[PDB]
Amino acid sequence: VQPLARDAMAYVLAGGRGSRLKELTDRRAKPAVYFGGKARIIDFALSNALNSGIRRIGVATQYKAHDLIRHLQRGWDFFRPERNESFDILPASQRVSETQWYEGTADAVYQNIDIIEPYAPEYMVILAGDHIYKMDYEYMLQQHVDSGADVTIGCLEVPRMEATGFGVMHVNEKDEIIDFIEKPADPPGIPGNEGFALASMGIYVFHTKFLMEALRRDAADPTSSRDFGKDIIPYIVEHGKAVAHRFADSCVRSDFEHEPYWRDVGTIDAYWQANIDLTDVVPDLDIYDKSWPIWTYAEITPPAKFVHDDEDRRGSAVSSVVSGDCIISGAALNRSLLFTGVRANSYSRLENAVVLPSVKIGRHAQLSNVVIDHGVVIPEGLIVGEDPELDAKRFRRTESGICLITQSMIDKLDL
């Protein structure tokens, strides 16, 4: 009768460096990266835990975490322990530690068992903090207890050619994991649906007591790189019972989302695409869904403003999404996403632009196919997107032609 989320703790691995996002993550961990206009990536998993009814959340942090920790401290500040709610921020440090960082994703939980055991949750819900997706974890929890599994693993149903870039679960007709393979050149297909392979999401459910014993034996193992995907999980698939849970079963799909939505935004192109796709008439991700809302940190902000309408300048946005506290003053916006605080000045033009918070666009600048980092001041008259070899020498530029622009890159300019 009782929901099992009542007795579960969500534990979010938020130590991801996000290496292939390059300078976008030079001073932030990937879970702290802005997404979608107002939120950060970490907010999806946290909101899934919230919307699912989980009232104890732990977040393990690591690489360049001040920015993530501060966002966590003020967006996620409303859990009250007297109501059996908790939100613990757990950066690798010198606690019982006194040895720098976490040795791996399993160590990120092991080091904080002293936090978990007093709460005594019945179930642990391990989550990757660096993906955008909406999911109701109570489905996973019921499957796990109904199946008698030692671990239940969330998996996407992906066409097997696309599955080559994934950790792939080899499943029988009972959906038991009979093998796990890192990045198979030929991914094992699902029995009876061999065009698709199951791609591990990095979402794991255990009984808390089993997991604590498993972490402890892993910690005593010198062989171990102290990682779920490489050490913990392969052990269970061999000598224990590992079961696959299908994202399509638990994904929360608004009526305006044509398929289960999940994005890794692991490269600059992917990050640009997922943000820019929110400018579509019918986006893949419905940021207007009220049924499974995404909480994040937000401030009371003034509204967006458009000024100037003369022969030579008009402030306007077309096929764009514009956040609060944006002043579009004689600037022409097309197919662009502006986060909070942006200032675009007269005669500047933006096309195919992902513009992070508090950016300033100087007069006469013209930019196409760009990601502009937080707080960048674009100088007057700057042109991006016209000359590929000039843009490549000045900025981080993808093969497909997207330019990521940081303040340090601007600072090095006078051509």
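Residues carry their position along the shown sequence, with the first being 1.
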Mean Cα B-factor comparison, 252-260 or 79-87, giving the higher one as deposited: 252-260
Greater mean Cα temperature factor according to the PDB record, 115-123 or 232-240: 232-240
Candidate residues 223, 345, 334, 323, the one whose C-alpha B factor the record puts highest: 223
Candidate set 309, 277, 286, 227 [ranked by C-alpha B-factor, highest]: 227
Chain third (lowest, middle, highest) by recorded CA B-factor, residue given as residue 70: middle
Third assignment of residue 196 from its chain's C-alpha B-factors: highest
Residue 130 - which third its CA temperature factor falls in, relative to the rest of the chain: lowest
Chain thirds of CA B-factor: placement of residue 351: lowest
Among modelled residues of the same chain, the CA temperature factor third for residue 92: highest
